[PDB]
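This document opens with one chain alone, in structure tokens, the form deposited in one PDB entry.
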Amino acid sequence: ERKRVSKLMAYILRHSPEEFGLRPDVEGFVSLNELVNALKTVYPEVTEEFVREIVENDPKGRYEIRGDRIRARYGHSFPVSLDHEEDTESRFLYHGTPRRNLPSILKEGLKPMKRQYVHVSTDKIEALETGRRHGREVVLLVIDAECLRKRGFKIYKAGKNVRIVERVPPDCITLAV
């Protein structure tokens, strides 16, 4: 039940709020009341406290509540003005992806694709688990974070391990494992 409701929250908060009549503010927030009411049209037993539980217990840091408003911290496919802190300390960052994507990435770098930002991770396991969602022969990309910063692509702390960055040029990918 938690996972099914969380997946619908991510759909609403990252991709298609307008399908439920919701319009996030410029920071990506909708009111908690609005979200609960939207979830109840699919899952009527859902309550504000069950959503609050999902947010508190989420292992990746998917969601953020500020008072009576809630957003997804990352993953959006519509423009959002996020106020996340910059990651200045990480030396290496990681991105897992199916091997089938590697030829394009070596030419183009990582691109945000359908999302606003490229997503990477401080954590090798999480990076690989993310890649495995997409396919079977996952490669672990090692990314030189200082290479990104030097080129004006600041990295932001979007989640426990999740990091977002405008893009990753291929010169900043040091290894594919």
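For every residue, the number given is its place in the sequence shown, counted from 1.
Not on display, but discussed next: the form deposited in another entry.
Q: Comparing the forms between the shown form and the other one, identify which of 21, 67, 83, 56 marks the hinge between the two rigid parts.
A: Selected hinge residue: 83.
Q: How does the C-alpha distance between residue 161 and residue 80 change in the other entry compared with the present structure, closer or farther, given a change of 3 angstroms or more?
A: Note: Cα gap between residue 161 and residue 80 shrinks in the other entry.
Q: Can you tell whether residue 95 sits closer to or farther from residue 81 in the other entry than it does here, judged by CA atoms, where the change is 3 Å or more?
A: Their C-alpha distance shrinks by at least 3 Å in the other entry.
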